[PDB]
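upload-v7.txt (compact mmCIF, N, CA and C atoms) appears below.
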```
# COMPACT_ATOMS: atom_id res chain seq x y z
N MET A 1 233.61 193.86 -2.26
CA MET A 1 234.03 192.49 -1.94
C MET A 1 234.21 192.30 -0.42
N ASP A 2 235.42 192.64 0.12
CA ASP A 2 235.85 192.48 1.51
C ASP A 2 234.86 193.01 2.55
N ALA A 3 234.56 194.33 2.50
CA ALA A 3 233.67 195.01 3.43
C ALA A 3 232.30 194.35 3.50
N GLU A 4 231.72 194.00 2.34
CA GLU A 4 230.41 193.34 2.27
C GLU A 4 230.45 191.97 2.96
N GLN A 5 231.49 191.17 2.70
CA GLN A 5 231.64 189.84 3.25
C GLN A 5 231.90 189.88 4.74
N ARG A 6 232.77 190.80 5.20
CA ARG A 6 233.05 190.99 6.62
C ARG A 6 231.78 191.46 7.37
N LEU A 7 231.01 192.38 6.77
CA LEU A 7 229.82 192.89 7.45
C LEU A 7 228.70 191.87 7.46
N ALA A 8 228.54 191.09 6.39
CA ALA A 8 227.49 190.08 6.29
C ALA A 8 227.64 189.04 7.42
N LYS A 9 228.88 188.63 7.72
CA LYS A 9 229.18 187.64 8.77
C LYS A 9 228.79 188.16 10.15
N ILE A 10 229.11 189.44 10.44
CA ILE A 10 228.77 190.10 11.72
C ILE A 10 227.23 190.22 11.84
N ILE A 11 226.57 190.73 10.80
CA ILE A 11 225.11 190.91 10.77
C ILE A 11 224.39 189.55 10.94
N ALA A 12 224.83 188.48 10.23
CA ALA A 12 224.17 187.17 10.32
C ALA A 12 224.35 186.53 11.71
N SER A 13 225.45 186.80 12.40
CA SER A 13 225.67 186.21 13.71
C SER A 13 225.13 187.11 14.89
N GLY A 14 224.71 188.35 14.60
CA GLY A 14 224.22 189.30 15.59
C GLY A 14 225.32 189.75 16.54
N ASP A 15 226.58 189.61 16.10
CA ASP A 15 227.72 190.01 16.89
C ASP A 15 227.82 191.53 17.03
N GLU A 16 228.42 191.93 18.13
CA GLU A 16 228.68 193.34 18.38
C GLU A 16 229.94 193.72 17.58
N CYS A 17 230.02 194.98 17.18
CA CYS A 17 231.18 195.51 16.46
C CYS A 17 231.31 196.98 16.80
N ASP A 18 232.50 197.39 17.26
CA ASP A 18 232.84 198.75 17.68
C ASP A 18 232.66 199.75 16.53
N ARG A 19 232.15 200.94 16.88
CA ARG A 19 231.76 202.03 15.98
C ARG A 19 232.81 202.32 14.88
N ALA A 20 234.08 202.53 15.28
CA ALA A 20 235.21 202.82 14.38
C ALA A 20 235.40 201.72 13.32
N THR A 21 235.29 200.45 13.69
CA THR A 21 235.45 199.35 12.74
C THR A 21 234.25 199.29 11.74
N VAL A 22 233.01 199.53 12.22
CA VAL A 22 231.85 199.48 11.33
C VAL A 22 231.94 200.63 10.31
N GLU A 23 232.31 201.83 10.80
CA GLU A 23 232.44 203.02 9.99
C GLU A 23 233.44 202.80 8.86
N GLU A 24 234.61 202.16 9.16
CA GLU A 24 235.63 201.87 8.13
C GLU A 24 235.01 200.98 7.04
N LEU A 25 234.25 199.99 7.46
CA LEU A 25 233.63 199.06 6.53
C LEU A 25 232.46 199.73 5.77
N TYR A 26 231.65 200.53 6.46
CA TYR A 26 230.53 201.25 5.88
C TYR A 26 230.97 202.19 4.74
N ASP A 27 232.05 202.96 4.96
CA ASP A 27 232.56 203.93 3.98
C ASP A 27 232.97 203.28 2.64
N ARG A 28 233.14 201.95 2.61
CA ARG A 28 233.53 201.20 1.41
C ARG A 28 232.30 200.59 0.72
N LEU A 29 231.11 200.79 1.30
CA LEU A 29 229.88 200.24 0.75
C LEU A 29 229.24 201.12 -0.30
N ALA A 30 228.49 200.46 -1.18
CA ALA A 30 227.78 201.07 -2.28
C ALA A 30 226.45 201.69 -1.81
N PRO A 31 226.04 202.84 -2.40
CA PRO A 31 224.70 203.39 -2.09
C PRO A 31 223.59 202.51 -2.68
N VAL A 32 222.35 202.69 -2.20
CA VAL A 32 221.18 201.94 -2.67
C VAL A 32 220.11 202.91 -3.12
N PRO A 33 219.31 202.59 -4.17
CA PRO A 33 218.20 203.47 -4.53
C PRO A 33 217.05 203.31 -3.51
N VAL A 34 216.11 204.29 -3.48
CA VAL A 34 214.96 204.34 -2.57
C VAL A 34 214.08 203.05 -2.67
N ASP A 35 213.73 202.58 -3.90
CA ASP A 35 212.82 201.42 -4.06
C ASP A 35 213.45 200.08 -3.56
N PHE A 36 214.79 200.01 -3.45
CA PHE A 36 215.50 198.83 -2.93
C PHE A 36 215.10 198.55 -1.47
N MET A 37 214.74 199.61 -0.72
CA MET A 37 214.36 199.50 0.67
C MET A 37 212.93 199.03 0.88
N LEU A 38 212.06 199.05 -0.18
CA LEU A 38 210.65 198.70 -0.01
C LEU A 38 210.48 197.23 0.52
N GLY A 39 209.75 197.10 1.62
CA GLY A 39 209.50 195.82 2.28
C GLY A 39 209.71 195.87 3.78
N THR A 40 209.58 194.71 4.43
CA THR A 40 209.77 194.56 5.87
C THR A 40 211.17 194.04 6.13
N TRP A 41 211.84 194.63 7.14
CA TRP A 41 213.20 194.25 7.52
C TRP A 41 213.33 194.02 9.02
N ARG A 42 214.13 193.01 9.39
CA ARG A 42 214.50 192.67 10.78
C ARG A 42 215.79 193.45 11.13
N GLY A 43 215.76 194.14 12.26
CA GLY A 43 216.87 194.98 12.69
C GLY A 43 217.66 194.42 13.83
N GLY A 44 218.90 194.87 13.90
CA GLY A 44 219.86 194.52 14.94
C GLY A 44 220.84 195.67 15.07
N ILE A 45 221.58 195.69 16.17
CA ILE A 45 222.47 196.80 16.48
C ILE A 45 223.89 196.31 16.68
N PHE A 46 224.86 197.08 16.22
CA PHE A 46 226.27 196.70 16.36
C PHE A 46 226.83 196.97 17.76
N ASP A 47 226.42 198.08 18.43
CA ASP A 47 226.88 198.40 19.78
C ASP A 47 225.68 198.49 20.72
N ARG A 48 225.47 197.43 21.50
CA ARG A 48 224.34 197.29 22.39
C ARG A 48 224.52 198.03 23.74
N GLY A 49 225.68 198.67 23.96
CA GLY A 49 225.95 199.44 25.17
C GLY A 49 225.49 200.89 25.10
N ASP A 50 225.06 201.35 23.90
CA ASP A 50 224.58 202.71 23.66
C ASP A 50 223.17 202.91 24.31
N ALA A 51 222.89 204.12 24.81
CA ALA A 51 221.63 204.49 25.45
C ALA A 51 220.40 204.14 24.58
N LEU A 52 220.36 204.65 23.32
CA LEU A 52 219.22 204.42 22.44
C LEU A 52 219.10 202.92 22.12
N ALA A 53 220.26 202.23 21.92
CA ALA A 53 220.31 200.78 21.73
C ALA A 53 219.64 200.08 22.92
N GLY A 54 219.93 200.54 24.15
CA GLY A 54 219.34 199.99 25.36
C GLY A 54 217.83 200.14 25.39
N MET A 55 217.35 201.28 24.90
CA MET A 55 215.93 201.63 24.88
C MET A 55 215.19 200.84 23.78
N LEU A 56 215.81 200.68 22.60
CA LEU A 56 215.27 199.88 21.51
C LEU A 56 215.10 198.42 21.94
N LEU A 57 216.11 197.90 22.63
CA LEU A 57 216.13 196.55 23.16
C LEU A 57 214.99 196.36 24.19
N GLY A 58 214.81 197.33 25.08
CA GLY A 58 213.77 197.28 26.11
C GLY A 58 212.37 197.29 25.54
N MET A 59 212.20 197.97 24.40
CA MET A 59 210.93 198.03 23.69
C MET A 59 210.71 196.80 22.81
N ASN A 60 211.71 195.88 22.74
CA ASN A 60 211.69 194.69 21.90
C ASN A 60 211.56 195.09 20.43
N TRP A 61 212.31 196.13 20.03
CA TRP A 61 212.38 196.59 18.65
C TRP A 61 212.68 195.41 17.73
N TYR A 62 211.83 195.22 16.74
CA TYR A 62 211.96 194.16 15.75
C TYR A 62 212.70 194.65 14.49
N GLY A 63 212.18 195.73 13.90
CA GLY A 63 212.75 196.28 12.68
C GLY A 63 211.96 197.43 12.09
N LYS A 64 211.77 197.39 10.76
CA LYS A 64 211.13 198.49 9.99
C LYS A 64 210.34 197.99 8.82
N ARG A 65 209.30 198.76 8.41
CA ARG A 65 208.49 198.46 7.22
C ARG A 65 208.49 199.68 6.30
N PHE A 66 209.03 199.55 5.08
CA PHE A 66 209.03 200.64 4.10
C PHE A 66 207.84 200.39 3.13
N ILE A 67 206.70 201.11 3.29
CA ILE A 67 205.52 200.87 2.42
C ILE A 67 205.79 201.44 1.04
N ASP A 68 206.08 202.74 1.00
CA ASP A 68 206.41 203.52 -0.19
C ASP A 68 207.38 204.63 0.26
N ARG A 69 207.88 205.43 -0.69
CA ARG A 69 208.83 206.54 -0.46
C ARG A 69 208.34 207.51 0.63
N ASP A 70 207.02 207.59 0.83
CA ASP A 70 206.43 208.55 1.74
C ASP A 70 205.89 207.93 2.99
N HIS A 71 205.83 206.60 3.06
CA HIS A 71 205.22 205.95 4.23
C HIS A 71 206.06 204.78 4.73
N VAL A 72 206.78 205.01 5.84
CA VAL A 72 207.66 204.07 6.52
C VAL A 72 207.26 203.91 7.99
N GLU A 73 207.25 202.67 8.48
CA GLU A 73 207.06 202.39 9.90
C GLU A 73 208.46 202.17 10.47
N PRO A 74 209.03 203.15 11.20
CA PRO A 74 210.42 203.00 11.65
C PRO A 74 210.64 202.08 12.83
N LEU A 75 209.60 201.86 13.65
CA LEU A 75 209.78 201.09 14.89
C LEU A 75 208.79 199.98 15.07
N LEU A 76 209.01 198.89 14.33
CA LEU A 76 208.24 197.67 14.51
C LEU A 76 208.78 197.02 15.74
N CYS A 77 207.89 196.59 16.64
CA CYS A 77 208.30 195.99 17.91
C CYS A 77 207.54 194.74 18.11
N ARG A 78 208.05 193.91 19.01
CA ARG A 78 207.40 192.67 19.36
C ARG A 78 206.67 192.86 20.67
N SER A 79 205.34 192.61 20.64
CA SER A 79 204.50 192.70 21.82
C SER A 79 204.64 191.39 22.64
N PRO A 80 204.20 191.31 23.93
CA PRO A 80 204.39 190.05 24.70
C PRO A 80 203.84 188.77 24.03
N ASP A 81 202.74 188.87 23.24
CA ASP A 81 202.12 187.71 22.57
C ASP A 81 202.93 187.16 21.35
N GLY A 82 203.98 187.87 20.91
CA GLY A 82 204.81 187.43 19.78
C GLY A 82 204.49 188.10 18.45
N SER A 83 203.33 188.77 18.36
CA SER A 83 202.95 189.47 17.14
C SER A 83 203.79 190.76 16.95
N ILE A 84 203.95 191.20 15.70
CA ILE A 84 204.74 192.39 15.43
C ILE A 84 203.80 193.57 15.14
N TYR A 85 204.03 194.71 15.84
CA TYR A 85 203.22 195.92 15.71
C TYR A 85 204.09 197.15 15.50
N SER A 86 203.49 198.13 14.87
CA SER A 86 204.14 199.38 14.59
C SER A 86 203.96 200.37 15.74
N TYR A 87 205.07 200.69 16.45
CA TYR A 87 205.10 201.68 17.54
C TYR A 87 205.09 203.06 16.89
N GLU A 88 204.06 203.88 17.16
CA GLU A 88 203.95 205.14 16.41
C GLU A 88 204.04 206.40 17.27
N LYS A 89 204.43 206.28 18.54
CA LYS A 89 204.47 207.42 19.45
C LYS A 89 205.61 208.41 19.11
N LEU A 90 206.65 207.96 18.40
CA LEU A 90 207.74 208.86 17.99
C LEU A 90 207.47 209.44 16.59
N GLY A 91 206.34 209.06 16.01
CA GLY A 91 205.95 209.50 14.68
C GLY A 91 206.39 208.49 13.64
N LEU A 92 205.99 208.73 12.38
CA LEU A 92 206.31 207.84 11.30
C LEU A 92 207.54 208.36 10.54
N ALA A 93 207.74 207.92 9.28
CA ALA A 93 208.93 208.30 8.55
C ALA A 93 208.71 208.19 7.04
N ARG A 94 209.73 208.56 6.28
CA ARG A 94 209.71 208.52 4.82
C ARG A 94 211.14 208.36 4.30
N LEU A 95 211.25 208.09 3.00
CA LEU A 95 212.55 207.87 2.35
C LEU A 95 212.87 208.97 1.37
N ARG A 96 214.12 209.41 1.41
CA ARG A 96 214.66 210.41 0.47
C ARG A 96 216.10 210.03 0.13
N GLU A 97 216.67 210.65 -0.91
CA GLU A 97 218.09 210.44 -1.22
C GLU A 97 218.84 211.57 -0.56
N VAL A 98 219.74 211.23 0.39
CA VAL A 98 220.50 212.17 1.21
C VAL A 98 222.00 211.82 1.16
N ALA A 99 222.90 212.85 1.16
CA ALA A 99 224.35 212.62 1.17
C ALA A 99 224.86 212.41 2.60
N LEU A 100 225.86 211.54 2.73
CA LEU A 100 226.61 211.32 3.95
C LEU A 100 228.02 211.04 3.54
N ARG A 101 228.96 211.95 3.92
CA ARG A 101 230.39 211.85 3.59
C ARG A 101 230.61 211.81 2.08
N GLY A 102 229.87 212.64 1.36
CA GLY A 102 229.95 212.72 -0.09
C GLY A 102 229.23 211.63 -0.86
N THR A 103 228.57 210.67 -0.16
CA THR A 103 227.86 209.62 -0.87
C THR A 103 226.39 209.80 -0.64
N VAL A 104 225.65 209.89 -1.74
CA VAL A 104 224.20 210.02 -1.80
C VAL A 104 223.60 208.61 -1.88
N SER A 105 222.70 208.27 -0.97
CA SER A 105 222.01 206.99 -0.92
C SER A 105 220.64 207.17 -0.33
N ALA A 106 219.81 206.13 -0.40
CA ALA A 106 218.52 206.13 0.26
C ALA A 106 218.73 206.31 1.77
N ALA A 107 217.91 207.16 2.35
CA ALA A 107 217.96 207.45 3.76
C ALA A 107 216.57 207.50 4.34
N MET A 108 216.35 206.94 5.55
CA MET A 108 215.04 207.11 6.18
C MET A 108 215.04 208.38 7.02
N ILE A 109 214.05 209.25 6.85
CA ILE A 109 213.99 210.49 7.65
C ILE A 109 212.77 210.40 8.59
N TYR A 110 212.94 210.57 9.91
CA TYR A 110 211.75 210.57 10.79
C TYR A 110 210.93 211.81 10.50
N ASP A 111 209.61 211.66 10.57
CA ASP A 111 208.71 212.79 10.37
C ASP A 111 208.78 213.78 11.50
N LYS A 112 208.94 213.27 12.75
CA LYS A 112 208.79 214.13 13.93
C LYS A 112 210.01 214.16 14.83
N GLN A 113 211.15 213.65 14.35
CA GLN A 113 212.39 213.54 15.12
C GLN A 113 213.56 213.91 14.24
N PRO A 114 214.59 214.62 14.76
CA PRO A 114 215.70 215.04 13.88
C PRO A 114 216.68 213.88 13.69
N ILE A 115 216.21 212.79 13.05
CA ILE A 115 216.99 211.57 12.86
C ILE A 115 216.91 211.11 11.42
N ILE A 116 218.09 210.87 10.81
CA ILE A 116 218.16 210.32 9.46
C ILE A 116 218.99 209.04 9.49
N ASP A 117 218.52 207.94 8.86
CA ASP A 117 219.27 206.67 8.74
C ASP A 117 219.72 206.50 7.30
N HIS A 118 221.03 206.61 7.06
CA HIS A 118 221.68 206.51 5.72
C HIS A 118 221.99 205.05 5.44
N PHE A 119 221.39 204.49 4.39
CA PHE A 119 221.54 203.06 4.08
C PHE A 119 222.59 202.77 3.01
N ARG A 120 223.39 201.73 3.23
CA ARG A 120 224.34 201.26 2.23
C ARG A 120 224.14 199.76 2.07
N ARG A 121 224.38 199.23 0.89
CA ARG A 121 224.19 197.83 0.56
C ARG A 121 225.29 196.94 1.13
N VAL A 122 224.90 195.84 1.77
CA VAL A 122 225.80 194.74 2.18
C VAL A 122 225.64 193.66 1.07
N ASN A 123 224.37 193.25 0.76
CA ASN A 123 223.98 192.37 -0.34
C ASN A 123 222.51 192.68 -0.60
N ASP A 124 221.82 191.95 -1.49
CA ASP A 124 220.40 192.22 -1.81
C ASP A 124 219.45 192.18 -0.59
N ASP A 125 219.83 191.44 0.47
CA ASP A 125 218.97 191.26 1.63
C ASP A 125 219.54 191.84 2.92
N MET A 126 220.63 192.63 2.84
CA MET A 126 221.28 193.25 4.00
C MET A 126 221.80 194.63 3.68
N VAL A 127 221.54 195.57 4.57
CA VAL A 127 222.02 196.96 4.52
C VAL A 127 222.57 197.33 5.87
N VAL A 128 223.50 198.31 5.93
CA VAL A 128 223.96 198.86 7.20
C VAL A 128 223.28 200.23 7.25
N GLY A 129 222.74 200.62 8.40
CA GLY A 129 222.11 201.94 8.52
C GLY A 129 223.01 202.79 9.38
N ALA A 130 223.23 204.06 8.96
CA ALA A 130 224.03 205.05 9.67
C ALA A 130 223.10 206.12 10.25
N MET A 131 222.86 206.06 11.57
CA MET A 131 221.96 206.98 12.21
C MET A 131 222.65 208.34 12.45
N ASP A 132 222.05 209.39 11.88
CA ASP A 132 222.49 210.80 11.93
C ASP A 132 221.42 211.59 12.71
N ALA A 133 221.57 211.64 14.05
CA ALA A 133 220.62 212.28 14.97
C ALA A 133 221.20 213.57 15.55
N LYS A 134 220.43 214.66 15.43
CA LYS A 134 220.80 215.97 15.91
C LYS A 134 221.42 215.93 17.30
N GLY A 135 222.62 216.51 17.38
CA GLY A 135 223.36 216.61 18.61
C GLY A 135 224.34 215.49 18.85
N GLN A 136 223.96 214.22 18.49
CA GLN A 136 224.81 213.03 18.70
C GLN A 136 226.22 213.32 18.24
N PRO A 137 227.22 213.15 19.14
CA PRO A 137 228.60 213.49 18.75
C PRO A 137 229.07 212.64 17.58
N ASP A 138 228.57 211.38 17.50
CA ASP A 138 228.98 210.44 16.47
C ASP A 138 227.80 209.77 15.77
N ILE A 139 228.02 209.38 14.51
CA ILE A 139 227.09 208.57 13.74
C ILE A 139 227.04 207.17 14.41
N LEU A 140 225.85 206.57 14.61
CA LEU A 140 225.78 205.23 15.20
C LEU A 140 225.22 204.23 14.14
N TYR A 141 225.63 202.98 14.21
CA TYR A 141 225.30 202.02 13.18
C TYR A 141 224.37 200.92 13.64
N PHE A 142 223.50 200.48 12.73
CA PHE A 142 222.61 199.36 12.97
C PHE A 142 222.51 198.54 11.67
N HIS A 143 221.83 197.38 11.70
CA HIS A 143 221.73 196.62 10.45
C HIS A 143 220.31 196.17 10.20
N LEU A 144 219.97 195.89 8.93
CA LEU A 144 218.66 195.40 8.51
C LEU A 144 218.84 194.23 7.57
N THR A 145 218.01 193.19 7.77
CA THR A 145 217.90 191.94 7.00
C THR A 145 216.48 191.86 6.44
N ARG A 146 216.38 191.75 5.12
CA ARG A 146 215.11 191.73 4.41
C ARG A 146 214.32 190.44 4.70
N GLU A 147 213.03 190.59 5.06
CA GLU A 147 212.11 189.47 5.25
C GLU A 147 211.78 188.89 3.89
N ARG A 148 211.89 187.57 3.72
CA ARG A 148 211.62 186.86 2.46
C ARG A 148 210.74 185.64 2.72
```

Go ahead and render the structure in this file as structure tokens.
Amino acid sequence: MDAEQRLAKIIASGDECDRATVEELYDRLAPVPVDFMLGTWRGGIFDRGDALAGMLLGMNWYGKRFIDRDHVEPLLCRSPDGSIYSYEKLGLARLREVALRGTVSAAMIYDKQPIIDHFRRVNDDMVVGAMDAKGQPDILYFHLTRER
């Protein structure tokens, strides 16, 4: 109830939200099965002051495309002409069911990077992603909105 409604409002307005507050809300969210992620999603970030957030923004990161369990485009970006293209220099990705803090949910795993994004449901068209990247002292959060 509460966590979903509070997170939906932040995600829909593109507002920033500090790591500790998102994590509290994320831990109360329900896991999602792998096929729930299938489709194209528009992405946004909760903390835009982070290094990788800065780099995603500079690349005009749009979102992600989940084709099937084995074929995911993790970095859809917007080119200067306005069209959306799949940036593939960091490699592609796939979906598996992975645990995070005792909760097993659909997670995107990069093929060529030690990065896993743990997804939890906000509503049918919104998920919060928890980025689990090797070395990173803390889990970082981002959001996805389903294209309809």

To box region 65-82 of chain A, take all atoms listed in the file, fit an axis-aligned box, add 6 Å on each side, and give centre and edge lengths in Å to one decimal, as JSON.
```
{"center_x": 206.4, "center_y": 197.9, "center_z": 12.0, "size_x": 20.5, "size_y": 33.4, "size_z": 37.4}
```

Between atom C of residue 82 (chain A) and CA of residue 142 (chain A) - distance in Å to one decimal =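 Interatomic distance here is 22.0 Å.
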
Selection: 6 Å around region 63-79 of chain A, all atoms listed in the file, excl. self and same-chain fewer than 4 positions, as a PDB file with N, CA and C atoms, in the frame of the given file:
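Saved the output as out-v6.pdb:
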```pdb
ATOM      1  N   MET A  37     214.740 199.610  -0.720  1.00  0.00           N
ATOM      2  CA  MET A  37     214.360 199.500   0.670  1.00  0.00           C
ATOM      3  C   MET A  37     212.930 199.030   0.880  1.00  0.00           C
ATOM      4  N   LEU A  38     212.060 199.050  -0.180  1.00  0.00           N
ATOM      5  CA  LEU A  38     210.650 198.700  -0.010  1.00  0.00           C
ATOM      6  C   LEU A  38     210.480 197.230   0.520  1.00  0.00           C
ATOM      7  N   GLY A  39     209.750 197.100   1.620  1.00  0.00           N
ATOM      8  CA  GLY A  39     209.500 195.820   2.280  1.00  0.00           C
ATOM      9  C   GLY A  39     209.710 195.870   3.780  1.00  0.00           C
ATOM     10  N   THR A  40     209.580 194.710   4.430  1.00  0.00           N
ATOM     11  CA  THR A  40     209.770 194.560   5.870  1.00  0.00           C
ATOM     12  C   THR A  40     211.170 194.040   6.130  1.00  0.00           C
ATOM     13  N   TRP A  41     211.840 194.630   7.140  1.00  0.00           N
ATOM     14  CA  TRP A  41     213.200 194.250   7.520  1.00  0.00           C
ATOM     15  C   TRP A  41     213.330 194.020   9.020  1.00  0.00           C
ATOM     16  N   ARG A  42     214.130 193.010   9.390  1.00  0.00           N
ATOM     17  CA  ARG A  42     214.500 192.670  10.780  1.00  0.00           C
ATOM     18  C   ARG A  42     215.790 193.450  11.130  1.00  0.00           C
ATOM     19  N   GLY A  43     215.760 194.140  12.260  1.00  0.00           N
ATOM     20  CA  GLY A  43     216.870 194.980  12.690  1.00  0.00           C
ATOM     21  C   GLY A  43     217.660 194.420  13.830  1.00  0.00           C
ATOM     22  N   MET A  59     212.200 197.970  24.400  1.00  0.00           N
ATOM     23  CA  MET A  59     210.930 198.030  23.690  1.00  0.00           C
ATOM     24  C   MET A  59     210.710 196.800  22.810  1.00  0.00           C
ATOM     25  N   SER A  83     203.330 188.770  18.360  1.00  0.00           N
ATOM     26  CA  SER A  83     202.950 189.470  17.140  1.00  0.00           C
ATOM     27  C   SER A  83     203.790 190.760  16.950  1.00  0.00           C
ATOM     28  N   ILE A  84     203.950 191.200  15.700  1.00  0.00           N
ATOM     29  CA  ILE A  84     204.740 192.390  15.430  1.00  0.00           C
ATOM     30  C   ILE A  84     203.800 193.570  15.140  1.00  0.00           C
ATOM     31  N   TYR A  85     204.030 194.710  15.840  1.00  0.00           N
ATOM     32  CA  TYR A  85     203.220 195.920  15.710  1.00  0.00           C
ATOM     33  C   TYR A  85     204.090 197.150  15.500  1.00  0.00           C
ATOM     34  N   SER A  86     203.490 198.130  14.870  1.00  0.00           N
ATOM     35  CA  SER A  86     204.140 199.380  14.590  1.00  0.00           C
ATOM     36  C   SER A  86     203.960 200.370  15.740  1.00  0.00           C
ATOM     37  N   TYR A  87     205.070 200.690  16.450  1.00  0.00           N
ATOM     38  CA  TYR A  87     205.100 201.680  17.540  1.00  0.00           C
ATOM     39  C   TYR A  87     205.090 203.060  16.890  1.00  0.00           C
ATOM     40  N   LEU A  92     205.990 208.730  12.380  1.00  0.00           N
ATOM     41  CA  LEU A  92     206.310 207.840  11.300  1.00  0.00           C
ATOM     42  C   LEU A  92     207.540 208.360  10.540  1.00  0.00           C
ATOM     43  N   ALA A  93     207.740 207.920   9.280  1.00  0.00           N
ATOM     44  CA  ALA A  93     208.930 208.300   8.550  1.00  0.00           C
ATOM     45  C   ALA A  93     208.710 208.190   7.040  1.00  0.00           C
ATOM     46  N   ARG A  94     209.730 208.560   6.280  1.00  0.00           N
ATOM     47  CA  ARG A  94     209.710 208.520   4.820  1.00  0.00           C
ATOM     48  C   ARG A  94     211.140 208.360   4.300  1.00  0.00           C
ATOM     49  N   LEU A  95     211.250 208.090   3.000  1.00  0.00           N
ATOM     50  CA  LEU A  95     212.550 207.870   2.350  1.00  0.00           C
ATOM     51  C   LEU A  95     212.870 208.970   1.370  1.00  0.00           C
TER      52      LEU A  95
END
```

Using all atoms listed in the file, find the one residue out of A:33, A:108, A:140, A:1 that sits nearest to residue 19 (chain A).
->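 Looking only at the distances to residue 19 (chain A), the closest residue turns out to be A:140.
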
Which polymer residues have any atom within 10 Å of an atom of residue 104 (chain A), counting only C-alpha atoms, with same-chain residues fewer than 3 positions away left out, as a VMD selection string?
-> chain A and resid 30 to 33 96 to 101 107 118 to 120

Region 7-104 of chain A: residues DSSP assigns to strand (DSSP E or B), reported as a PyMOL selection string | chain A and resi 30-31+39-45+61-68+71-78+84-86+93-100+103-104

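The spacing separating atom C of residue 129 (chain A) from CA of residue 45 (chain A) amounts to 9.3 Å.
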
Work out how far atom N of residue 114 (chain A) is from atom N of residue 91 (chain A), in Å to one decimal.
->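 Atom-to-atom, atom N of residue 91 (chain A) to atom N of residue 114 (chain A), that is 10.0 Å.
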
If DSSP is run on the backbone, what residues of chain A are helix (DSSP H, G or I)? A reply as a compact mmCIF listing (two decimals) with N, CA and C atoms, keeping the file's coordinate frame would be ideal.
```
# COMPACT_ATOMS: atom_id res chain seq x y z
N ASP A 2 235.42 192.64 0.12
CA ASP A 2 235.85 192.48 1.51
C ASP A 2 234.86 193.01 2.55
N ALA A 3 234.56 194.33 2.50
CA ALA A 3 233.67 195.01 3.43
C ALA A 3 232.30 194.35 3.50
N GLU A 4 231.72 194.00 2.34
CA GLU A 4 230.41 193.34 2.27
C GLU A 4 230.45 191.97 2.96
N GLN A 5 231.49 191.17 2.70
CA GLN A 5 231.64 189.84 3.25
C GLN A 5 231.90 189.88 4.74
N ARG A 6 232.77 190.80 5.20
CA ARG A 6 233.05 190.99 6.62
C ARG A 6 231.78 191.46 7.37
N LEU A 7 231.01 192.38 6.77
CA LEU A 7 229.82 192.89 7.45
C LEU A 7 228.70 191.87 7.46
N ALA A 8 228.54 191.09 6.39
CA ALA A 8 227.49 190.08 6.29
C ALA A 8 227.64 189.04 7.42
N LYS A 9 228.88 188.63 7.72
CA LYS A 9 229.18 187.64 8.77
C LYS A 9 228.79 188.16 10.15
N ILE A 10 229.11 189.44 10.44
CA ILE A 10 228.77 190.10 11.72
C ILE A 10 227.23 190.22 11.84
N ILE A 11 226.57 190.73 10.80
CA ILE A 11 225.11 190.91 10.77
C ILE A 11 224.39 189.55 10.94
N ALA A 12 224.83 188.48 10.23
CA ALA A 12 224.17 187.17 10.32
C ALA A 12 224.35 186.53 11.71
N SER A 13 225.45 186.80 12.40
CA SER A 13 225.67 186.21 13.71
C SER A 13 225.13 187.11 14.89
N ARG A 19 232.15 200.94 16.88
CA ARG A 19 231.76 202.03 15.98
C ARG A 19 232.81 202.32 14.88
N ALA A 20 234.08 202.53 15.28
CA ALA A 20 235.21 202.82 14.38
C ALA A 20 235.40 201.72 13.32
N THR A 21 235.29 200.45 13.69
CA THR A 21 235.45 199.35 12.74
C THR A 21 234.25 199.29 11.74
N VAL A 22 233.01 199.53 12.22
CA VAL A 22 231.85 199.48 11.33
C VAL A 22 231.94 200.63 10.31
N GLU A 23 232.31 201.83 10.80
CA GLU A 23 232.44 203.02 9.99
C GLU A 23 233.44 202.80 8.86
N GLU A 24 234.61 202.16 9.16
CA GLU A 24 235.63 201.87 8.13
C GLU A 24 235.01 200.98 7.04
N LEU A 25 234.25 199.99 7.46
CA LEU A 25 233.63 199.06 6.53
C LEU A 25 232.46 199.73 5.77
N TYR A 26 231.65 200.53 6.46
CA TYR A 26 230.53 201.25 5.88
C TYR A 26 230.97 202.19 4.74
N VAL A 34 216.11 204.29 -3.48
CA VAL A 34 214.96 204.34 -2.57
C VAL A 34 214.08 203.05 -2.67
N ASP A 35 213.73 202.58 -3.90
CA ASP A 35 212.82 201.42 -4.06
C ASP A 35 213.45 200.08 -3.56
N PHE A 36 214.79 200.01 -3.45
CA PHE A 36 215.50 198.83 -2.93
C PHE A 36 215.10 198.55 -1.47
N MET A 37 214.74 199.61 -0.72
CA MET A 37 214.36 199.50 0.67
C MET A 37 212.93 199.03 0.88
N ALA A 51 222.89 204.12 24.81
CA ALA A 51 221.63 204.49 25.45
C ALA A 51 220.40 204.14 24.58
N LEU A 52 220.36 204.65 23.32
CA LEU A 52 219.22 204.42 22.44
C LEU A 52 219.10 202.92 22.12
N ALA A 53 220.26 202.23 21.92
CA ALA A 53 220.31 200.78 21.73
C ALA A 53 219.64 200.08 22.92
N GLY A 54 219.93 200.54 24.15
CA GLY A 54 219.34 199.99 25.36
C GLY A 54 217.83 200.14 25.39
N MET A 55 217.35 201.28 24.90
CA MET A 55 215.93 201.63 24.88
C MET A 55 215.19 200.84 23.78
N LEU A 56 215.81 200.68 22.60
CA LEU A 56 215.27 199.88 21.51
C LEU A 56 215.10 198.42 21.94
N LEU A 57 216.11 197.90 22.63
CA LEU A 57 216.13 196.55 23.16
C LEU A 57 214.99 196.36 24.19
N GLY A 58 214.81 197.33 25.08
CA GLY A 58 213.77 197.28 26.11
C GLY A 58 212.37 197.29 25.54
```
